[PDB]
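A short worksheet on the structure shown next.
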Amino acid sequence: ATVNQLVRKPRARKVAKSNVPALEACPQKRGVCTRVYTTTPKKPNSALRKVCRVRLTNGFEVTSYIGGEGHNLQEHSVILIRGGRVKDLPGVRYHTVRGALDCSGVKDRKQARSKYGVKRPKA
Amino acid sequence: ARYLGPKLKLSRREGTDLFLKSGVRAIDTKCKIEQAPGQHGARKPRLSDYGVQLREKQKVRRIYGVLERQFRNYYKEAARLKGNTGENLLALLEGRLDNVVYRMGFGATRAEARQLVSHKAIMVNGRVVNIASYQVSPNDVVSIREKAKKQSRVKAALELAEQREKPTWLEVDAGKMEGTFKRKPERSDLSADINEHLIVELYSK
Amino acid sequence: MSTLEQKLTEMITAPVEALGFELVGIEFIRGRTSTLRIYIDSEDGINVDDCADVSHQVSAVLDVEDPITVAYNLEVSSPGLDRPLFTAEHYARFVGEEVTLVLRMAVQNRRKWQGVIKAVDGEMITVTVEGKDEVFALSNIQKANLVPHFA
Amino acid sequence: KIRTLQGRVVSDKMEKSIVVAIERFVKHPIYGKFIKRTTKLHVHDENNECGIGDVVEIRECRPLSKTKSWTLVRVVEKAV
Amino acid sequence: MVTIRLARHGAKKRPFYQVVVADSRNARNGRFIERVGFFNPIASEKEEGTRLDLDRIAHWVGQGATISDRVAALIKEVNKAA
Amino acid sequence: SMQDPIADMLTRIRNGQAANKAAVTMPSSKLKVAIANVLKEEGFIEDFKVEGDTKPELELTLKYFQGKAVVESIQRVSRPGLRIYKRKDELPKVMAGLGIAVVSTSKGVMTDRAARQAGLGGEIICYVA
Amino acid sequence: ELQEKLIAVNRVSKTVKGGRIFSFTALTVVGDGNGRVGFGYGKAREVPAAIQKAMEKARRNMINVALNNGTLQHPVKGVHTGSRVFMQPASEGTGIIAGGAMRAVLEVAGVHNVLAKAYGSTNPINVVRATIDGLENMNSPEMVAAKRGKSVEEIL
RNA sequence: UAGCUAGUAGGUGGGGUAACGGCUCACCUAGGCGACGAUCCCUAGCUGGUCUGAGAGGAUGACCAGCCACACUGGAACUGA
RNA sequence: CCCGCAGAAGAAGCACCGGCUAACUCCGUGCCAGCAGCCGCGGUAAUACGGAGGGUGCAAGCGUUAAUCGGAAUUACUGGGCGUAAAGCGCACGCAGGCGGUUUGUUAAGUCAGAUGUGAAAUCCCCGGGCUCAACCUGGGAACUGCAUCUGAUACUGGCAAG
Ligand SMILES: [Mg+2]
Ligand SMILES: [Mg+2]
Ligand SMILES: [Mg+2]
Ligand SMILES: [Mg+2]
Ligand SMILES: [Mg+2]
Ligand SMILES: [Mg+2]
Ligand SMILES: [Mg+2]
Ligand SMILES: [Mg+2]
Ligand SMILES: [Mg+2]
Ligand SMILES: [Mg+2]
Ligand SMILES: [Mg+2]
Ligand SMILES: [Mg+2]
Ligand SMILES: [Mg+2]
Ligand SMILES: [Mg+2]
Ligand SMILES: [Mg+2]
Ligand SMILES: [Mg+2]
Numbered sequence: 002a003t004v005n006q007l008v009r010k011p012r013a014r015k016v017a018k019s020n021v022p023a024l025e026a027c028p029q030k031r032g033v034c035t036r037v038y039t040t041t042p043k044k045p046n047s048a049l050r051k052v053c054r055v056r057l058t059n060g061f062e063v064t065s066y067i068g069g070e071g072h073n074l075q076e077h078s079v080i081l082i083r084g085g086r087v088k089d090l091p092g093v094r095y096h097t098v099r100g101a102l103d104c105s106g107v108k109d110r111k112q113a114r115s116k117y118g119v120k121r122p123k124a
Numbered sequence: 002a003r004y005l006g007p008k009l010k011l012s013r014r015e016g017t018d019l020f021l022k023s024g025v026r027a028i029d030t031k032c033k034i035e036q037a038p039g040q041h042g043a044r045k046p047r048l049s050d051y052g053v054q055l056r057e058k059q060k061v062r063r064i065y066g067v068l069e070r071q072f073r074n075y076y077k078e079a080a081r082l083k084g085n086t087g088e089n090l091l092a093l094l095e096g097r098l099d100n101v102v103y104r105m106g107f108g109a110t111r112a113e114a115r116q117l118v119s120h121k122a123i124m125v126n127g128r129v130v131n132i133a134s135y136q137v138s139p140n141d142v143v144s145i146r147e148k149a150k151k152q153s154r155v156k157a158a159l160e161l162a163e164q165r166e167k168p169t170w171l172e173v174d175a176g177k178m179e180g181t182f183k184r185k186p187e188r189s190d191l192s193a194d195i196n197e198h199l200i201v202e203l204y205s206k
Numbered sequence: 001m002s003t004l005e006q007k008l009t010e011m012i013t014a015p016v017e018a019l020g021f022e023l024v025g026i027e028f029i030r031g032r033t034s035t036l037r038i039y040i041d042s043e044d045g046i047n048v049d050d051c052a053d054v055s056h057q058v059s060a061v062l063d064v065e066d067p068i069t070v071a072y073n074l075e076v077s078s079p080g081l082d083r084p085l086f087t088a089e090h091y092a093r094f095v096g097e098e099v100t101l102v103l104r105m106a107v108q109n110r111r112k113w114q115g116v117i118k119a120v121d122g123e124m125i126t127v128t129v130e131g132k133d134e135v136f137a138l139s140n141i142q143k144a145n146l147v148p149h150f151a
Numbered sequence: 004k005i006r007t008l009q010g011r012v013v014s015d016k017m018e019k020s021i022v023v024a025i026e027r028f029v030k031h032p033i034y035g036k037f038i039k040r041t042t043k044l045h046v047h048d049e050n051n052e053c054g055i056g057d058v059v060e061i062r063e064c065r066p067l068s069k070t071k072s073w074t075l076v077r078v079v080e081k082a083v
Numbered sequence: 001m002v003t004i005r006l007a008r009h010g011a012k013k014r015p016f017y018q019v020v021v022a023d024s025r026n027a028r029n030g031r032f033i034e035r036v037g038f039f040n041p042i043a044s045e046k047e048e049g050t051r052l053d054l055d056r057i058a059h060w061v062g063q064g065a066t067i068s069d070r071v072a073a074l075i076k077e078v079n080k081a082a
Numbered sequence: 002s003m004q005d006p007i008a009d010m011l012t013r014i015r016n017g018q019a020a021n022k023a024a025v026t027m028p029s030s031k032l033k034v035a036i037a038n039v040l041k042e043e044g045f046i047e048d049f050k051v052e053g054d055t056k057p058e059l060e061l062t063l064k065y066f067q068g069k070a071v072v073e074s075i076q077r078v079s080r081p082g083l084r085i086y087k088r089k090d091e092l093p094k095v096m097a098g099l100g101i102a103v104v105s106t107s108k109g110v111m112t113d114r115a116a117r118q119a120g121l122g123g124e125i126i127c128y129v130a
Numbered sequence: 010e011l012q013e014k015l016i017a018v019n020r021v022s023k024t025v026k027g028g029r030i031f032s033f034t035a036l037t038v039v040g041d042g043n044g045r046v047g048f049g050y051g052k053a054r055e056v057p058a059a060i061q062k063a064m065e066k067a068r069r070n071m072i073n074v075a076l077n078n079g080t081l082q083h084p085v086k087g088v089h090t091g092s093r094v095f096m097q098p099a100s101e102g103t104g105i106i107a108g109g110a111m112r113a114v115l116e117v118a119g120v121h122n123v124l125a126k127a128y129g130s131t132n133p134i135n136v137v138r139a140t141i142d143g144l145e146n147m148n149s150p151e152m153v154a155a156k157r158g159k160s161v162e163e164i165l
C-alpha cells in the first residue's frame, strides 16, 4: 500500500447497498397486499407475527410486518408501507403504517397514539 | 412559546434557588426546596456526568427562561465570538432586555419583567421595544413609558430590588424609573454556582 | 414424497373444520427452515387475526400429536393472488384462469408451462399451452401456481 | 516576449510535420508524490527538418490542420 | 447596447438597487459588467442610499454607455448633493 | 540497495541513542555535515567531526541528559519515495515549536525557525525531538 | 484535597468445579487537580471493596505531569495494548472534549482545555494504560531548554 | 470494454466559410490514436456553490447567478446583425 | 406603523421514563399477547407489554420513515494493515515503470521568494449599517488556498558535463 501503488490504483469504497431497496429513497410507498398470513417461531418461542405479501406501485412484491392491534386487511387491501426492520423476522425490512390508507384506526390508545394514527380522544 | 407550569417544581428539580418568585418569602416556606418533585421525588437518584451537564443547562435556561432552540443559538453564536465562549455566553444572556429590566429591579420576577417588555412598557434609548430577547448595548438607557410609570407592580418591584445586591455593570435611577447599561457585565460580576465549561461541553457532544 | 402429510392434513383439518373454515393446501418445507405453510379458504374473507386463531388451535393439536420431531415452525396463510391448486376440485373451481405448472421429471420435454384451464378431470387437467388443449396428471406435477398475474 | 515550449519529437512519418511529446513534472493532487506527465502534440515541421528524439522548441499558432496548432521554432539538439 | 440601470435586490417590500452596467439584452438581475454603486429608496437618512462612482460612469457613458432615466435622476442628485 | 543516506543517518542515531552508544559515525557527505551542524548548535548533540579523504566518515558524539537521550524521536519526512516541500507561511511546527524541523532552502539548511525568519520555504527533511 | 472518579466496573467470572464464582473489578483514577495523577484497578468479590482497594493503589503511582494552565504544552499521542489516544492543547475555555474514559483522567489531573480522541479498541483500562504515559511524555519549555542546554527563548 | 481509425493522419491544389481548418474535393504520402486507458459500455447537463466534516475529504448541483443543451418526434433550410 | 376600546379575557401540544439515554411506581397483563434502533423484554409482580399516577425532553409544533455526511482510523493522503484473525504470488528472470552512493561545474526544470494579471456577483468570514429584535437586507474588507506571466534564489531533486 505504498503511494506509488495508490497512484496506479486509487483506494476504492464499496457502495451502500440500501437495506430498503423497494423504496428507492421514497419515505413511503403505496402497495396492495397480495397475501395475508401469520407465522409462529420455533418450539421454544411462542408468538404470532402478522405480515403481508404486498405488490408495490414500483412493481415489487415484499413482506411488511402488520403493526398489530389493527388487523382488517385481506387480499386487495391497499396499504402504505415504510422501511422498518423488526428483529426475529428474516425478510421483513418494512412496517405497514398504522393510521392511513386502508388500515384500521386502532382501538383507543391513551399513549403514543400518533404512532398509530389514533386521534386525541375528546372527552 | 414559554414555560407556564408551576415554578418551584423546577427549583425543586434543579435543587436550588432560581429567583422564580418575588422573594418576599423564603423558598422552603413555599415548597420542599430540598427535595425533587413527584412521587419518587423524595429519593435521591444516582445520576451521571451527562446528567450533570443536562441539569446545569436546564438550570441556566430556566433561570433565564430561554427555550431550547433559541438557547443553542445563543451558544452557537457565543462560541463564534472571541474570548472564553461559555463566559461570553452568559454575558449575552445577561444582555436580554427583560433580564436587564429585571436586574434593574423594575420587575420582581423576570417573567413579570418580561410581561412588561411584551406589554410595551419600556423604551431603550427613547424608542419603544417589546421583544424580550432584544439584546442591549453599553451606554443604553432603558426607561418606563409613562403609560405605566404609575403601575403598582413597577414601584413594588423597585422596593424589592434593593433587598438584593445592586448590580455593578449596569446603573439605575429608581427616581424616574430608568437606568443605564454602562458596561457589559463580567464573569465575576455574575454568580459562581454556574459551571459554564460543562455547559459548553454539553453542546460540544 | 409425503412426509405423512396425510396425518398433517387430518391434524390441521380438524380444528380448521371446527372453525367453519375450509382447508386447501398443506405444504411443509424441511431443511431451509422446518416451516409449514397452510392455505385456508374463508368465503367471507381471511384477516391475519383469524389466521392467528387457527394458528393457535392447530398449534395446540400439533403439539400433542406431533411425532415427526422436526423443528416446530409453521405459518398460517391465506391464498395469495398466485394461489397453488392441489385438488382436481381446485382446478374445477378455477374454470378459466391461467395456471403455471412444472413436471416432477427434469428430463427434456418436461411440462414446465402455463395454460388456461379449459376442462377439469380427476387424473387429467386440460390447460391450453401453445394453442394445444393439453391434459396433465396432477400426481406427476412437482408444483403449480394459479394467476401469478395481478389485475 | 513570445511563449514557447520545449518538447521532444517521437515521430516524423508525416509530410513536413512532427509529433512532439512535452514532459511536465507535476505533483499528484491527493497523494502528494510528484509525477511526470507527457502531452503529445502535432507540430508543423516546416521543411521537414527534424529527426527522432532530437529535442526541439515549438510555438502556438493558428490552426493548420485538423490536429496541428504548433509551429517549430528551433532545434536544440540534433538526435545524436 | 450597453446601458447603466438598476438591478433589484433587498427583500419583499424592502427593495435595494445596485446600479450596474450591462448589455441591455440581459435580465434585470442577470449578468452585468461593472457594478458602479447602489441605490436604497428606503434609506430615510438612516444611511446613505446613493453612492455613485460617476467617474467610472463618466468613463463608460464616455465610451457610448447609455443611462436609465432613474439613475439619470440619481446622477442629477449627487451633483445637486454638491 | 541503500537508496537513501539521510534516513540511514537518522536511524543510525535513533538506533544509536537507543543502544545508548557514546558516539556514532557514518560515511560522510557534504549534506549530512550541514544536517549535523545545525542540530549540533541546536544542542541536540555535542559535536561532530569528519575525517578521511577518499571515503570521509562523519562521526557524532551523542547526548544524554539524565540517563535519557536528549534527542528521542527522529523521522525523515521528505523521503525518496515521496518528496515534500512547504511554502514560507505553511512551515510546520514540531511539538508546538519545542521540537525542530530541519529544512533545506536555496539559502542552505537551517531550522524551521530560521527559515520563517528569512521567510523561505523549502524541503522539509526531518522532524527532530 | 485529592480528587477521585470511578471509570468502569465489570463482573468477571471464574469457573470452578461446581459452576462459577463471579467477582467485581473496579477502575478509577485519582488526581490533585494540579498536573499530578494516578490510576488504580483492583478485583474483589463485590463492588465496594473493589472500588475501595483500586481507589487506594491509585493514591500511589500518582505521576506529576508538567501541564500549563489546565492545558497541555504540545500535541501528544500515546499507544498502549492496542489503544491509540491523540491529545493536543486547546484554546482557553475550550473545555475537556474527550471520550468518556479519558475525560476523568484529564479532569482529575488539572486539565481544563484539551482536545482528544481515541482510536482502535476502546477498552477503558487500555486507554488509561495508554493515556497517563502519553501525559508524562509532555515536555516543559525548560525540560527541553535544560536537556538541550539552552535558555527558554533560545527555544522560544 | 484492448486495440482503434482510410477523410482515417499528413501534404499539394481547388472549392467552401465572416473567419483558421479534411470544412469539402481532387491528388499524393501512409499514417493517427492507445496501458499517461485508446476504443467500447453504463451513468450524468457543468460551475460558482450547497450539506456534512476539526481537518483533509465525502456528498451534491433543488432555489439564486454564469454556461450549455432542448422546444411533439425526425429532417431540412429561409429570412436575418 | 400609531392611538383608543373592552376584558384574563380568544390561544398547548407530542414523544419518552430497562440500558444506551434526562426521567418510576401502581393495576392489570400471562410469556396470551404485545414492545422493539440494537441489546433485549413478559409471568404469576413486568420500572421494558396495557391502563393509571408521577416524571423527563421539546414546543406551535412533536414523532416516524427516507436521504447524505459524521461517528467509521470501516479504503486509513492526512490516518490501517498482511507469522496464526481477511490479506506475501510456488519460485525466478526481466521490459515498461518507480527509486538511486559520492565530488565539482553548469543549468534553473522541479522548488522557493517576489511582482503582475486573473480567479464574476451572490454565498462563507471579519467590521459595520438598516428593518423595534431576530431571521432578513446591506457597506466595506477578508478570503477565493487557483492559474498564468515576469524577476529572482541555488540548498535540495532533476538535466548536462567532468570526476
Ligand atoms: Mg419558534
Ligand atoms: Mg438514567
Ligand atoms: Mg488549401
Ligand atoms: Mg483557396
Ligand atoms: Mg473525520
Ligand atoms: Mg429548481
Ligand atoms: Mg441571410
Ligand atoms: Mg473515513
Ligand atoms: Mg485493520
Ligand atoms: Mg502463499
Ligand atoms: Mg530478481
Ligand atoms: Mg531517474
Ligand atoms: Mg543522487
Ligand atoms: Mg466571488
Ligand atoms: Mg443593528
Ligand atoms: Mg545536480
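Going line by line, the protein sequences match chains L, D, X, Q, P, H and E. Its first residue numbered 2, the first sequence is counted upward by one per residue in PDB author numbering. Its first residue numbered 2, the second sequence is counted upward by one per residue in PDB author numbering. Its first residue numbered 1, the third sequence is counted upward by one per residue in PDB author numbering. Its first residue numbered 4, the fourth sequence is counted upward by one per residue in PDB author numbering. Its first residue numbered 1, the fifth sequence is counted upward by one per residue in PDB author numbering. Its first residue numbered 2, the sixth sequence is counted upward by one per residue in PDB author numbering. Its first residue numbered 10, the seventh sequence is counted upward by one per residue in PDB author numbering. Using N, Cα and C, we set each Cβ at its ideal position, and we do this for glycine too.
- Only buried fits residue 103 of chain E, as 16 or more other CB atoms lie within 10 angstroms of its CB.
- Of all residues in the stretch 44 to 72 of chain X, only 45, 46, 47, 48, 49, 51, 52, 55, 59, 71 and 72 place a beta-carbon less than 7 Å from a beta-carbon of chain L.
- Look at residue 53 of chain Q here: in three-state DSSP terms it is coil, with no helix or strand label.
- Under the Cβ criterion of 9 Å, residue 39 of chain Q is not counted among the residues facing chain H.
- In this chain, the beta strand (DSSP E) harbouring residue 89 of chain E covers 85 to 89.
- Against chain L, a Cβ distance below 7 Å from residue 36 of chain Q picks out 4, 5 and 8.
- With contacts defined as CB atoms closer than 9 Å, residue 114 of chain E and residue 76 of chain E fail to qualify as a contacting pair.
- Relative to ligand 1, the nearest heavy atom lies less than 8 Å away from the CB of residue 2 of chain D.
- Look at residue 60 of chain E here: in three-state DSSP terms it is helix.
- Look at residue 73 of chain D here: in three-state DSSP terms it is helix.
- Within the stretch 58 to 91 of chain L, the residues whose Cβ lies closer than 7 Å to some Cβ of chain X are 67, 72, 73, 74, 75 and 76, listed in chain order.
- With respect to the 9 Å criterion, residue 92 of chain D and residue 188 of chain D are classified as neighbours on the basis of their beta carbons.
- Annotation for residue 96 of chain H: no beta strand (DSSP E) segment contains it, and DSSP assigns it neither H nor E.
- Taking a 10 Å sphere around the C-beta of residue 64 of chain Q, we find fewer than 16 other C-beta atoms and assign the residue as exposed.
- For residue 17 of chain D, there is no enclosing beta strand (DSSP E), as DSSP gives it neither H nor E.
- Interface residue (Cβ-Cβ distance to chain D less than 9 Å): residue 34 of chain E is not classified as such.
- Residue 77 of chain Q sits in a strand when the DSSP states are folded into three classes.
- Its Cα nearest to that of residue 182 of chain D, the residue D:101 stands out among D:124, D:101 and D:112.
- Neighbours of residue 85 of chain D in chain E, taken as residues at a C-beta separation under 8 Å, are given in chain order as 101 and 102.
- Judged by beta-carbon spacing, residue 122 of chain D lies beyond the 9 Å limit of residue 99 of chain D, meaning their Cβ atoms are not closer than that value.
- Shown here, residue 9 of chain P sits in a strand according to DSSP, grouped into three states.
- Fewer than three pairs of CB atoms, one per stretch, sit closer than 8 Å, so the stretch 161 to 176 of chain D makes no contact with the stretch 47 to 61 of chain D.
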